[PDB]
Structures are given as structure tokens and as C-alpha cells.
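Report on one structure; see the data block that follows.
Each reported figure results from applying straightforward, stated rules to the coordinates on display, with no laboratory input. Cβ atoms come from the backbone with ideal geometry, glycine included; neighbour counts cover every protein chain shown.
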Amino acid sequence: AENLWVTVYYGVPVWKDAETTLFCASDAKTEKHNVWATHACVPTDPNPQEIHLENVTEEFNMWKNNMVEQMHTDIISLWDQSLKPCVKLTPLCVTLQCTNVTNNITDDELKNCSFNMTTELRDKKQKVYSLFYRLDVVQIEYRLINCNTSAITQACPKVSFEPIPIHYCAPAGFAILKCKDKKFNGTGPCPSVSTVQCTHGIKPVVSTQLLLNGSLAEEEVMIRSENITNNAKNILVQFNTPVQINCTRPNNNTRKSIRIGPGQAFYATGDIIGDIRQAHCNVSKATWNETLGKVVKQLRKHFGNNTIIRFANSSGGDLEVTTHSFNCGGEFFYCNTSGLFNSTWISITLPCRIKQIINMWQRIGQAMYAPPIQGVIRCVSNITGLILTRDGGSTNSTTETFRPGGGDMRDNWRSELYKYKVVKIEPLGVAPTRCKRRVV
Amino acid sequence: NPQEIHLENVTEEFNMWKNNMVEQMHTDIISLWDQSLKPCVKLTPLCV
Amino acid sequence: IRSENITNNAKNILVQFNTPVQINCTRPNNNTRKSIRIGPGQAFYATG
Amino acid sequence: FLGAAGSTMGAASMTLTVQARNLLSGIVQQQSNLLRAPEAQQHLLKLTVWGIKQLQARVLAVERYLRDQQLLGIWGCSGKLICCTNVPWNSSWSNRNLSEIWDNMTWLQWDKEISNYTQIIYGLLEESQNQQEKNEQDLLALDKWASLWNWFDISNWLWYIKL
Amino acid sequence: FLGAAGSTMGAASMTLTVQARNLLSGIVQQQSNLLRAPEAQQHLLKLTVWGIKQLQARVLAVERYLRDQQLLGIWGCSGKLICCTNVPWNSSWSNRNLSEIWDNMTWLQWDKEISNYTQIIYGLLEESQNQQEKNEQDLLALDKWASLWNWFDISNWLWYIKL
Amino acid sequence: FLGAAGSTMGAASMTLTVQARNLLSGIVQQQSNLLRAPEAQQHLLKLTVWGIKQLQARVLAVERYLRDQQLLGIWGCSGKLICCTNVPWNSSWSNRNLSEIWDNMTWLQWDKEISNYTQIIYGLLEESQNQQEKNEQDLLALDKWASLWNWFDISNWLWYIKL
Ligand SMILES: *[C@@H]1O[C@H](CO)[C@@H](O[C@@H]2O[C@H](CO)[C@@H](O[C@@H]3O[C@H](CO)[C@@H](O)[C@H](O)[C@@H]3O)[C@H](O)[C@H]2NC(C)=O)[C@H](O)[C@H]1NC(C)=O
Ligand SMILES: *[C@@H]1O[C@H](CO)[C@@H](O[C@@H]2O[C@H](CO)[C@@H](O[C@@H]3O[C@H](CO)[C@@H](O)[C@H](O)[C@@H]3O)[C@H](O)[C@H]2NC(C)=O)[C@H](O)[C@H]1NC(C)=O
Ligand SMILES: *[C@@H]1O[C@H](CO)[C@@H](O[C@@H]2O[C@H](CO)[C@@H](O)[C@H](O)[C@H]2NC(C)=O)[C@H](O)[C@H]1NC(C)=O
Ligand SMILES: *[C@@H]1O[C@H](CO)[C@@H](O)[C@H](O)[C@H]1NC(C)=O
Ligand SMILES: *[C@@H]1O[C@H](CO)[C@@H](O)[C@H](O)[C@H]1NC(C)=O
Ligand SMILES: *[C@@H]1O[C@H](CO)[C@@H](O)[C@H](O)[C@H]1NC(C)=O
Ligand SMILES: *[C@@H]1O[C@H](CO)[C@@H](O)[C@H](O)[C@H]1NC(C)=O
Ligand SMILES: *[C@@H]1O[C@H](CO)[C@@H](O)[C@H](O)[C@H]1NC(C)=O
Ligand SMILES: *[C@@H]1O[C@H](CO)[C@@H](O)[C@H](O)[C@H]1NC(C)=O
Ligand SMILES: *[C@@H]1O[C@H](CO)[C@@H](O)[C@H](O)[C@H]1NC(C)=O
Ligand SMILES: *[C@@H]1O[C@H](CO)[C@@H](O)[C@H](O)[C@H]1NC(C)=O
Ligand SMILES: *[C@@H]1O[C@H](CO)[C@@H](O)[C@H](O)[C@H]1NC(C)=O
Ligand SMILES: *[C@@H]1O[C@H](CO)[C@@H](O)[C@H](O)[C@H]1NC(C)=O
Ligand SMILES: *[C@@H]1O[C@H](CO)[C@@H](O)[C@H](O)[C@H]1NC(C)=O
Ligand SMILES: *[C@@H]1O[C@H](CO)[C@@H](O)[C@H](O)[C@H]1NC(C)=O
Ligand SMILES: *[C@@H]1O[C@H](CO)[C@@H](O)[C@H](O)[C@H]1NC(C)=O
Ligand SMILES: *[C@@H]1O[C@H](CO)[C@@H](O)[C@H](O)[C@H]1NC(C)=O
Ligand SMILES: *[C@@H]1O[C@H](CO)[C@@H](O)[C@H](O)[C@H]1NC(C)=O
Ligand SMILES: *[C@@H]1O[C@H](CO)[C@@H](O)[C@H](O)[C@H]1NC(C)=O
Ligand SMILES: *[C@@H]1O[C@H](CO)[C@@H](O)[C@H](O)[C@H]1NC(C)=O
Ligand SMILES: *[C@@H]1O[C@H](CO)[C@@H](O)[C@H](O)[C@H]1NC(C)=O
Ligand SMILES: *[C@@H]1O[C@H](CO)[C@@H](O)[C@H](O)[C@H]1NC(C)=O
Ligand SMILES: *[C@@H]1O[C@H](CO)[C@@H](O)[C@H](O)[C@H]1NC(C)=O
Ligand SMILES: *[C@@H]1O[C@H](CO)[C@@H](O)[C@H](O)[C@H]1NC(C)=O
């Protein structure tokens, strides 16, 4: 043919995979004192225009995604930002003379501690009642457990820890893809993609070993991993059925304010009303038996249909790795989930222990102090998936064992940013055509 | 130098009780107060 | 030889070489370190 | 927005029979959420996390949406979404069929075709836009428009309209 | 700057016989005070109050002074302060007198006249700028193996090269 | 980049036979290092020194690289690196030789020549670009007997080219 001529095109819809900063979008609803919304970071959240593309098989990845690292450093930065202007408690690390309590049943326990404090005008100290748990006092009679580690800044009691959903909206000149294929397992080409301006509601919960209040997939309980062949690779699993967790804490927990120096109060747990029972969580055994049936009946597709056993999580770690750790309206539970894992191959109570001095929920160093909550604490919501690890070893053929380990906080956010990917837009494209410019 | 320009011909409506510059001035003054007061000496050993 | 002006006596006269003369510096002792705990988790390193 | 990015360039001839399938207005007007409220907040909070992150995202989008306007300025194409050039399809070695390209090939596959030599084309275009075209236009005024045409040496005008 | 904003559009025909009465240069060149010294300060002070407020004001002015340039780009009017369009005055129902508008009506009263349908006009304009005008221009230079061969169009070309 | 800035404007006629010796692309594309990584860092560090200094440098470069585009817009030269104007070389008193200027004088010495009256030229240019040229274009959609045949000014209109 004839010699064609180059013709630029501005606005060609091509894209490359890139990495950039995103931002919030939430909604307004006063009392916006939330730790994760930083008092309504972007309170807009407009109408969600979603556009299909109908014709493109884009490759995705969830184990190389970038938005999970942005979400993780955003959450730890919002934590340390909200914790900053609250009361320090470095005058609390003192020698405590404690004794047991006796009003109710054994096997709970609490320690009735008293110390020299109430230091107000820098000259007068007082003997003060307080009522601490175990798991945050040690012997020498007693001191707090974090006094050989760092300082112990308490939370401001006006803020709350309810995980209101946030939405990551991309900046201009970038786009957020979204795989709609309901059987996209973990990674690869998704055949039917879509484009949104921003993601759905992401409740940024923090829960080990059983991720809560999640976005549950379809009736095929999906199995995600990096590769099943490696034994040290966390096997996420996602449900389709919201099994309920009726958790509670039975006592009444009067609060007692202590003045420390100038205007810095300190809230210590006073004398409770006098019914010491144990904190527990109920799950109905029928629906749990069925959802284990589904997870085990879609785990035999990945290897031979033989002898699946599950166990308690060999412990060590601390409570963060061994027990299901979560907070229920500002009170931090730790629940012994041995009683959910026996051998599936062919109502349930759970004892929960409560810590009060929490570590930095990933790191070592600074540690917060959760002030007590008045009344009876009771919160219910759904589980949405587990986090398992294979053991393997010399089990060359049978007795495959799974134990719900899993300790990192990133995998919770990989359980909802798997169907998303960020792309840059390169609007400038050239193409040979049959047009040539009128040269004057 | 303060260049001021008349318009000669327009009756614009004003408001002083719904103005926005007073709230900007008020939060500016309290923020400048707490910013300048910040690096000075504490006196918590004085409460005796 | 660099200066601002040689005429002023209080003007620093920089000078720049062409030959790297070496300085073998040392400190002969051994200096064991000793960690001291101060309050909560703030160590303090004193020369043992 | 992006609604036929997976289509072939013949079915994405459909895209550039509309506003390049709304790509440019989606570039600059998806700012409207962070344009609507970086300021609706009346809260102290004494520090700002988004005060650097949102600002960096914003000026990143602005400089990216100005480099392309300057590059269309440098090839005489400023304003025009689709314009043609005097640069020929050169010795550039992806010489192939017209009815293969604009009938059965997507924009992304086309980007995979000519991923090389793209900076060669970008360097090549301004050459014919400027180094002779601007110099011919500089010639075209240092001669009276209606006074040279008597010589019968009018080809210079013809030469400037063919080559 | 703004010196006859209260005048009628006939006495603000005076405004657009000058640089729209200096409006655009007052848009971009009133930045010159915060352009002259965001940097003349050599002070530590360990924190910055204006480091977010001035920056937000600055990039707000920049994005506002680019949306209008992009909107003039999308109606083929880029560069030109006053340009005309192929969109007719449509069924738009503020049909009234020429000697009423451009003799006795201010710009602000005129904004109060057509405060509605303004987004209708903005959606309407690019339609005639693009959807047929760009497609007619695309029809121009595709099929003419006989573009070198033109015999009865020389007269316009000659007129055009002088005027 | 800047490769013949010390040459005379005749040997820097060489500069504007290439992309003004790459000056504009070096203006906007030397941003590419702080464009490549203001975001590759994944570190907390709890505070930012560059979070104001880099941002101030960035928006300083952007407003400087937009004032010149707006000033080329205000003289009808938007897009065009080299354009001519209707303003004559006026009574401006550096009247000198053509073969002295564009043969033996550098750009910097030329800036030292006309360091005065530069704002006079900048005020002078838009006058002939707008106050009569835009008003003549506003006339050029309707006229009386004169537009086809005024038979007076046309000789002087030819005379402007003549003298
Ligand atoms: C563990 O069990 C699965 C069961 O699906 C075995 O995979 C193979 O799965 C296919 C379906 O994806 C089976 O085909 C089916 O056969 C039935 C008749 O039994 C027919 O009615 C269906 O329409 C379908 O065609 C296939 O039989 C099955 N292979 C078997 C059972 O050997 C998997 O192989 C089993 N694991 C091992 C180690 O064998
Ligand atoms: C599990 O899902 C629930 C669903 O909302 C999350 O929210 C918690 O829901 C309970 C109600 O079932 C709330 O308890 C009470 O709400 C009433 C409403 O009138 C209020 O008056 C009481 O003061 C009390 O708050 C509870 O507040 C609410 N939020 C929290 C933080 O517990 C729940 O968060 C989910 N679980 C986890 C671990 O996130
Ligand atoms: C999940 O689906 C993906 C879809 O691509 C599978 O990924 C690849 O599949 C091909 C063909 O089966 C294999 O050759 C590759 O080795 C797979 N890649 C990976 C990373 O697995 C994948 O097999 C499916 N299963 C899992 C557990 O990821
Ligand atoms: C307190 O409880 C602990 C629990 O083992 C026990 O060893 C101790 O004797 C108890 N002391 C009193 C006074 O009841
Ligand atoms: C507080 O100081 C007094 C001083 O004698 C001491 O008797 C008392 O035991 C101290 N408090 C505690 C908790 O030991
Ligand atoms: C859990 O089950 C026990 C068994 O009857 C019951 O007494 C208790 O109230 C239940 N707790 C919750 C929170 O439902
Ligand atoms: C703790 O000891 C004090 C000592 O008087 C007592 O008054 C208080 O009731 C005790 N707390 C409990 C829960 O028994
Ligand atoms: C949970 O309680 C059971 C009760 O026998 C105990 O044996 C088990 O060790 C506990 N779980 C863990 C993880 O230690
Ligand atoms: C498994 O079942 C046995 C039946 O006696 C029970 O004793 C045991 O506690 C169960 N273990 C787990 C981990 O569920
Ligand atoms: C908790 O204490 C309050 C205070 O008097 C009391 O009214 C209430 O009945 C107690 N019990 C609860 C909330 O179960
Ligand atoms: C839990 O599951 C139910 C049933 O689908 C659902 O309606 C609800 O929104 C879920 N989440 C809660 C209670 O937070
Ligand atoms: C400096 O010189 C002395 C003289 O012998 C020698 O003993 C010493 O080791 C030298 N020090 C170094 C650092 O070379
Ligand atoms: C996708 O490609 C098919 C060709 O088989 C075409 O018919 C369809 O219109 C395309 N979809 C879009 C949205 O362009
Ligand atoms: C161009 O490509 C099409 C297939 O897409 C083919 O049918 C046609 O014959 C080709 N034309 C030439 C001239 O090669
Ligand atoms: C034409 O397009 C279809 C689908 O778009 C594809 O299957 C086929 O291979 C293509 N043929 C050629 C010659 O490009
Ligand atoms: C295009 O450039 C890449 C550089 O990343 C090179 O690997 C490839 O061989 C080039 N040629 C093609 C794709 O024809
Ligand atoms: C204001 O309007 C009057 C009309 O009565 C006019 O004469 C005058 O020039 C106008 N002023 C300006 C500044 O345009
Ligand atoms: C236009 O309006 C003026 C009043 O401003 C009036 O004198 C004139 O007659 C009107 N012309 C028409 C054609 O209505
Ligand atoms: C003309 O303008 C004057 C002042 O600008 C005003 O008083 C008068 O009412 C106007 N008349 C019309 C018909 O608009
Ligand atoms: C113009 O739009 C406004 C909406 O704010 C409406 O109230 C009004 O009736 C409209 N029409 C006019 C002013 O003629
Ligand atoms: C510098 O000037 C001399 C004139 O004597 C010229 O020959 C030479 O090319 C110039 N150099 C450059 C880089 O323009
Ligand atoms: C212009 O200047 C050159 C020297 O650069 C000189 O040779 C020439 O004669 C001058 N021409 C006129 C007309 O003055
Ligand atoms: C011409 O240029 C050379 C070097 O560039 C210089 O030495 C000489 O003086 C110049 N002559 C004139 C007349 O400008
Ligand atoms: C140009 O302006 C400067 C102002 O800085 C003045 O000093 C000088 O005399 C002027 N004239 C020249 C350089 O011919």
C-alpha cells in the first residue's frame, strides 16, 4: 500500500500496573471520635458509579498486592496518632500489695491491688483500691507486666473502637479494577473485570484466627493461598454462611476515677456488683458442623480425599497467636478456641480471658491500657473465615492436620483486597493512518 | 501597596452575622496561641 | 588559597590540597559497655 | 469511562467516535470528590495525616495531566484530540496491514506491538513539527503574500504545499 | 481588575474590548505575593501552620484555573478568549431581544437570567464541537487519492494564502 | 539541554532549529526524579522534612510553567513555540542592525540589550493581539458595503505590507 502516516491519539484507554497513595471516603453521621476515620477523613462517599468492560481478561494478584501494605501502615499510623494526646501512666509502675477476691465461683481471676498514688499536689500520696486481672501483674509483691518494657499510655475514654467502614478512593489519573468472577481463587487472569472509583465498605477489624464481620463469598467456600505446596503458607478460607458468635462478659464493672497530679484522671476498675462469672462466647454446634463440612468438602479438591484432622493451635507465641483475640466494644477478649477443632473425615461455649494492658497490637514497645467499661458487655456478629496452616512433615499420604494459626494483621486485609487492583492510565497513543498534515 | 478598585454600579448584599472570616480568624488566633505557648517551660513541679 | 579578601585580617583563609596526607587516629582502650535500666523501658548505656 | 477498553481498535473506533470513550474527562473530573471536600471539615485534630498524602496525590495528578498537554503543544496538536503529523511511518519495522490493525486489534495489544520505538516516535514527531515546519513558516512571512506571484518562480509556494 | 463589573454588558462591552477587564491576568497573577515569599523565610520554628493552609489555597487556585482551560479545550476554543460555536441558540426559553441584552443588562443580571440550563448549554456545546464536527474533519482527509489532484479549488487556496 | 546557550543567536539559530535546544522538555521533564519516587518509600518515620520542601518546589515549578503558557495564551501564540505579532518594532530605542543581531550576539547579551522596556513590550503585545484584532474578528461575521468594497483603507491595507 501507500506509506501510512503516524497519528497521535490523546485519551487511548490503555493502562499499566502502578503504585500510589489512596485516601479515605466515609460518611457523616456528632460523636465522630473514631480512631480509624480520624474524625471523618473524607466524609463524602458519593454514589458508586461502576462500569463494566465486558471484553478484557486482566491478570490480578493478591499476594503481591500493594494496597494491603498501604492499609497496614495506615492503620498503625492512625492508631499511634489517636493514642498520642492521651494520659500517660508512668506514675503507675509501682510496687503493688495485692490479694485475692472472694465473692463468687472459682475458675475466673482478679487481684485486689492497692498502691501509693493519687499524687495530686506533688506532696500528698494516698492508698488507693484497684482491681486488676491476672495476665498483667507479675510477682517480685506485684508490679505491672510492662514496666520492664516501655511506658503505658492509656486510651482516652471518649474515643471508641467500633470499626466503621472505609472506602479507598483512587486519585485522578488512576483506576481501581475489580474482578467480578465469582470463582477467582487467588491469582491469575480474571475474565470479567469492572471499574469503580472506590471500593466497598471495608470494616477494618482486627481479629486473629477467625476474621469477623467480613464480606463472604459465594456458596463455594473458597480456598486462597500462595501455594499449597509450601507448608508455611497461610491458607485463608472464606465462607458463604454467616455463623454467629454470641459473645458476652457477665460482670457489671463499676468504674472509679482516680486523680493523678494536675488534671489527668485515671480510671481503675472499682468493686464490681458481686457476680463473678466467666467471660464466654457461644456458637451453635449444628451450623458449625455444617460449615466445617463445607470447608473440608472443598479442601479435598486440592489433594487426595483422605483423613483430614484439625487441632488446637500449638501455642507458645502469646495470646495473640494461640487464642482468638478481638475487642468487643472496647474490651479485649482472648478466647481458648480448642473446642472447635476435631477430626472431620468420613451450643458450644468458649472460655474467654480478658487482658487489660494490651501490647501494641503488632509491635513490641509502647503498650496501651484499655480503661474498663461499665455495665455488661455483649456483642454479636458473624464469622466469615478462618486462617489455617498445614503441618505436613512425614505425612506422605494420610492424616493431614490443620491448625488455626495465623498471627499477622496483613492477612485480614488480604481477605478483602483480593478482588482489587490499581492501574495507571497512559492516555497517549500513536497509530499509523492515511492522514498527513496540510503543510503551508 | 493597597490597590483598591471601585465598581461604581453594583448593590451587593452583605452579611456580618453569617460571615465566614470571623470563624477563620478565631481558629487562627487560638491556634497561634497554642502554637506559641508550646515550647515554653512547664510548671507542674509548682503545684505544691 | 581562597579568601574573601586577604587585606582583612579577620577573614578565614581556606586552603585546599592536592595530596591526601593520612591521619592514623586511634583509641587504645577496650571500653566494655554496661546497660542501666531507668524506670520503664528506657535503657541507659554507661561505660563499664 | 473505559467502557470499551477491551474492544479491538475497530470496535474502539467506537471509542474515538465518542470522547475517546470519556477518558480525558475521567482524568480531570474524577478529582471532584477530593475537590468537593478538602475543606468541608471544621475540626481541629491538631495534626493531619492526609495533609501530605492527599496533597501529593493531587499534585501528582496535576503534573501528569500537564505533561501530556505540553507534549501535545510541542507537536502542534494543542487542543485537538486527534491530529495528524508530517512524520511518515518511517523505516519503523512493525509495518503491517491496515485491515488488521483497525479491525482486529485492541488498544492494549497495540501497545504491546509498538512498546519499543515509542520514545523514537516521540523524538521523531517534533522534528517534522518544528525544525523544518516552523522554519518554513518563518520563511513564509519574509516574502509578501501577494507580491512574489509574478516571477513565474511560484513553485516555492508549490514546494511549501507538496513537500 | 473587576473595574466595570457593575456596568451593563453594553458598558461591559467595554470590559471585553479590553482584556475581559483584566480578569484572567488577575486570576493567575494575584498569586504573586505567595509566589514571592513562601521561601524568603529562613527560620526553623519546628512546625508550620501555613504549610497546609497556603498549600491547599494554592493548589485550589491551580485546579480551578485548569478546569476552565480544559473546558475551553473541549469546545475547540483553547487560547481564544472569545470564540463562537456551531450550537445554535436552541429551544432554550430565555429568547429575548438583542438590544435589550447587549445594551441594558449587567453580567450579574445576565447570570441571574440563565442560571438554569447552564449545564444544559455546557453539555450541548461539545456535541456540535465533536460528535459531528470532529467526525466531518475525519471525513475530510481520509479518501482523496486525488488530494494532490485538485483543479477548481486553487482560487480559494490563493485567496487563503494572502488572507 | 542548554547545549548552545553561550553561542551567538546565529549559532543559536541552531538552538531554535531544534527544540529551542530542548529547553521546554527540560523544564517539565526534569521533574521525573521527584515524579518517580515521592511514593516508593514505605516507611513511617512519624514526621516529614521533605513533605513541605519538595511540595513547595514542585508547585513552584508548576506555577512558573503555567504563567508562561497563560502569557502565550494572551498573545494568541498558544501552542506555537515561535510566532509573530502585529506589534511593530516601535519607537523602542535599541534600533540596530539585522546582521549584527542574528549573526554575532548571544541570547544573554541580547537580554542585556533589552533588559529595559521588556514589560513595555509585554504590555504592548496584547494590545495589538486583542483590542483591535479581536474586535476586528468580532466585526468579521457582519459588515456593510465596506467588507466586500470600501475602496479606501484597502490601498493602505495593501500599504501596511508596502511600508
Ligand atoms: C476425590 O473426589 C473427587 C470427586 O469429584 C475426584 O475428582 C474427580 O471429579 C470428577 C468431577 O470433577 C468426577 O467425575 C464425575 O463422575 C461422576 C460419576 O462418579 C459423574 O456422575 C459426574 O458427572 C462426573 O463426571 C470423577 O469421577 C472424579 N474422580 C474420581 C472419583 O476418581 C478425585 O479424583 C478424588 N480424589 C482422588 C485421589 O481420587
Ligand atoms: C459484630 O457485628 C456487630 C454488628 O453491629 C458490630 O457492632 C456491635 O453491635 C452491637 C449490637 O449487636 C452493639 O451493641 C449495642 O448497640 C446498641 C444499639 O442501640 C447501643 O445502645 C449499645 O451501647 C451497644 O453499643 C455494639 O456497640 C456494636 N459495636 C461494637 C464495637 O461492638 C460488632 O462490632 C462486630 N464485632 C466486632 C468484633 O467488631
Ligand atoms: C487458582 O486459579 C489459578 C488461575 O490461573 C491457577 O493458577 C495457575 O494455573 C495454571 C494451570 O492450572 C498452573 O500451571 C499455574 O501453576 C497456576 N499458578 C499458580 C500461581 O497457582 C491456580 O492453579 C489455582 N489454584 C491455586 C491454589 O492458586
Ligand atoms: C490466692 O489465689 C492463689 C491461686 O493459686 C493461691 O495460690 C493463694 O493461696 C490465694 N490466696 C488467698 C489468701 O486466698
Ligand atoms: C505506702 O507507704 C506507706 C508508708 O509507710 C507504707 O506503709 C505502705 O505499705 C505503702 N503502700 C504500699 C501499697 O505498700
Ligand atoms: C451460652 O450458653 C449457656 C448455656 O445455657 C448459657 O447459659 C449462656 O447464657 C449462653 N451465653 C450467651 C451469650 O448466649
Ligand atoms: C479490696 O480490698 C479492700 C480493702 O478494704 C476492700 O474494701 C474491697 O472491697 C476489696 N475488693 C473486693 C472486690 O473485694
Ligand atoms: C483450652 O482448654 C483446654 C481444656 O482442657 C486445654 O487443655 C487447652 O490447652 C486450652 N487451649 C490451649 C490452646 O492451650
Ligand atoms: C474431640 O472429641 C473428644 C471426645 O471425647 C473430646 O473429649 C475432645 O475434647 C475433643 N477435642 C477437640 C479439640 O475438639
Ligand atoms: C449494674 O450496676 C447498675 C448500677 O446500680 C445497676 O443499676 C444494674 O442493675 C447493674 N446490673 C446490670 C446492668 O446487669
Ligand atoms: C451478619 O449476617 C447477616 C446475615 O446475612 C447479615 O444480614 C448481617 O449484615 C451480617 N453482619 C452484621 C450483623 O454485622
Ligand atoms: C603512632 O606512633 C607510635 C610510635 O611508634 C606507635 O607506637 C603507635 O602505634 C602509632 N599509632 C598509630 C595509630 O599508628
Ligand atoms: C466485545 O467483543 C465482541 C466481539 O466478539 C463484540 O461483539 C462486543 O461488542 C464487544 N464488547 C464491547 C463492550 O465492545
Ligand atoms: C488484512 O488483514 C485481514 C485479516 O484481518 C485480511 O483478511 C486481509 O486480506 C489483509 N489485507 C492485506 C492487504 O493483507
Ligand atoms: C479476530 O478477532 C477474534 C476475536 O476478537 C479473534 O478470535 C480472531 O483470532 C481475530 N483474528 C485475527 C486475524 O486477528
Ligand atoms: C521491546 O522492548 C523490550 C524492553 O523491555 C524488549 O525486551 C523487547 O525485546 C522489545 N521488542 C519487542 C517486544 O518486540
Ligand atoms: C454605571 O451605569 C451608568 C448608567 O446609568 C453609566 O453611565 C456608568 O458609566 C456606569 N458605570 C460604570 C463604571 O460602568
Ligand atoms: C429591544 O429593547 C429596547 C429596549 O432596551 C427597545 O427600545 C427596542 O425596541 C427592542 N427591540 C425589539 C426588536 O424588540
Ligand atoms: C436601562 O438602564 C437604566 C440604568 O442602567 C435603568 O434604570 C433602566 O430601567 C433600564 N431600562 C431597561 C429597559 O432595561
Ligand atoms: C433556576 O434554578 C433554580 C434552582 O436553584 C430554581 O429555583 C429556579 O426556579 C430556576 N428558574 C429561574 C430562575 O427562572
Ligand atoms: C563558540 O563560538 C565559536 C566562535 O568563535 C564557534 O566556532 C563555536 O562553534 C561556538 N561553540 C558552540 C558550542 O556553539
Ligand atoms: C551589520 O553588521 C555587520 C557586522 O556584524 C556589518 O558587517 C554589516 O555591514 C552591517 N550592516 C548594516 C546594514 O549596517
Ligand atoms: C563577532 O564574534 C566574535 C566571537 O563571537 C567576537 O570576537 C567579535 O568581536 C564579534 N564581532 C562583532 C562585530 O560583533
Ligand atoms: C535598564 O534598567 C536598569 C534598571 O536596573 C537601569 O539601571 C539601566 O540604566 C537601564 N538601561 C540600559 C541597561 O540601557
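Of the candidates D:66, D:71, D:108, D:125, the single residue that is touching a strand residue (DSSP E or B) at 6+ places or on another chain (Cβ under 6 Å), under 26 Å from residue F:29 (Cα atoms) and in a helix (DSSP H, G or I) is D:125. One residue stands out in segment D:61-70 among those that are surrounded by fewer than 21 Cβ atoms within 10 Å (Cβ to Cβ) and at the interface with chain A (Cβ under 7 Å from one of its Cβ atoms): the one that is farthest from residue A:83 (Cα to Cα), namely D:68. Scanning segment A:21-33 for residues that are among the polar types (S, T, N, Q) and surrounded by 21 or more Cβ atoms within 10 Å (Cβ to Cβ) yields a total of 1.
Here's the yes/no breakdown for (1) of a type in the set (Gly, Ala, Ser); (2) within 8 Å of another protein chain (Cβ to nearest Cβ); (3) assigned to a loop (DSSP other than H, G, I, E, B); (4) more than 20 Å from residue E:50 (Cβ to Cβ):
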| site | (1), (2), (3), (4) |
| --- | --- |
| B:7 | no, yes, yes, yes |
| B:14 | no, no, yes, yes |
| B:18 | no, no, yes, yes |
| B:22 | no, no, no, no |
| B:35 | no, yes, no, no |
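Against the conditions (1) charged (D, E, K, R); (2) in contact with a helix residue (DSSP H, G or I) (Cβ under 7 Å, 6 or more places away or on another chain); (3) buried (at least 18 other Cβ atoms within 10 Å of the Cβ), residue A:400 satisfies every one except (2). Taking residue A:250 as the residue in question, decide whether it is away from every other protein chain (no Cβ under 14 Å) and either within 16 Å of ligand 2 (Cβ to nearest atom) or farther than 17 Å from residue A:62 by Cβ (or both). Yes. Criterion applied to F:162, F:80 was being exposed (fewer than 13 other Cβ atoms within 10 Å of the Cβ), more than 16 Å from ligand 17 (Cβ to nearest atom) and closer than 24 Å to residue D:145 by Cα, and the one residue passing it is F:162.
Take residue A:196 and decide whether it is within 30 Å of residue A:353 (Cα to Cα) and surrounded by 15 or more Cβ atoms within 10 Å (Cβ to Cβ). So residue A:196 fails the test. For segment E:17-44, a residue qualifies if it is under 21 Å from the mean Cα position of the chain (by Cα), of a type in the set (A, V, I, L, M), at the interface with another protein chain (Cβ under 8 Å from one of its Cβ atoms) and part of a helix (DSSP H, G or I), and the qualifying residues are E:24, E:28. Of the numbered criteria (1) within 12 Å of chain D (Cβ to nearest Cβ); (2) surrounded by fewer than 20 Cβ atoms within 10 Å (Cβ to Cβ); (3) more than 16 Å from ligand 3 (Cβ to nearest atom), the one residue A:171 fails is (2). The residue of segment E:128-144 that is farthest from ligand 3 (Cβ to nearest atom), among those that are of a type in the set (S, T, N, Q) and outside any helix (DSSP H, G or I), is E:132. Among what's in segment E:110-122 and is surrounded by 12 or more Cβ atoms within 10 Å (Cβ to Cβ) and not hydroxyl-bearing (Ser, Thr, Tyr), pick the residue that is farthest from ligand 10 (Cβ to nearest atom). Per the criteria, the residue is E:110. Looking at this structure, is residue E:79 more than 16 Å from ligand 12 (Cβ to nearest atom), touching a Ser or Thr at 6+ places or on another chain (Cβ under 9 Å), within 11 Å of another protein chain (Cβ to nearest Cβ) and within 23 Å of residue F:71 (Cβ to Cβ)? Against the criterion (more than 16 Å from ligand 12 (Cβ to nearest atom), touching a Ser or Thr at 6+ places or on another chain (Cβ under 9 Å), within 11 Å of another protein chain (Cβ to nearest Cβ) and within 23 Å of residue F:71 (Cβ to Cβ)), residue E:79 qualifies.
In summary, strands (runs of 3 or more DSSP E) completely within segment A:358-440 and bearing 2 or more residues that are among the small types (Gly, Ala, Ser) and away from chain D (no Cβ under 14 Å) occur at A:377-390. Among the residues of segment D:123-148, not one is buried (at least 16 other Cβ atoms within 10 Å of the Cβ), among the charged types (D, E, K, R) and within 14 Å of chain E (Cβ to nearest Cβ). Each residue in segment D:111-122 was checked for being within 16 Å of the chain's Cα centre (by Cα) and either outside any helix (DSSP H, G or I) or within 10 Å of chain A (Cβ to nearest Cβ) (or both), and 4 pass.
Checking each residue in segment A:140-168 for being among the hydrophobic types (A, V, I, L, M, F, W, C), surrounded by fewer than 21 Cβ atoms within 10 Å (Cβ to Cβ) and in contact with a helix residue (DSSP H, G or I) (Cβ under 7 Å, 6 or more places away or on another chain) picks out A:151, A:155, A:159.
Of the residues making up segment D:93-109, those that are at the interface with another protein chain (Cβ under 10 Å from one of its Cβ atoms) and among the aromatic types (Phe, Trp, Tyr) are D:102, D:107. Among the strands (runs of 3 or more DSSP E) contained in segment A:238-316, which hold 2 or more residues that are farther than 26 Å from residue A:381 by Cβ? In segment A:238-316, A:255-259, A:265-269, A:308-310 are the strands (runs of 3 or more DSSP E) which contain 2 or more residues that are farther than 26 Å from residue A:381 by Cβ.
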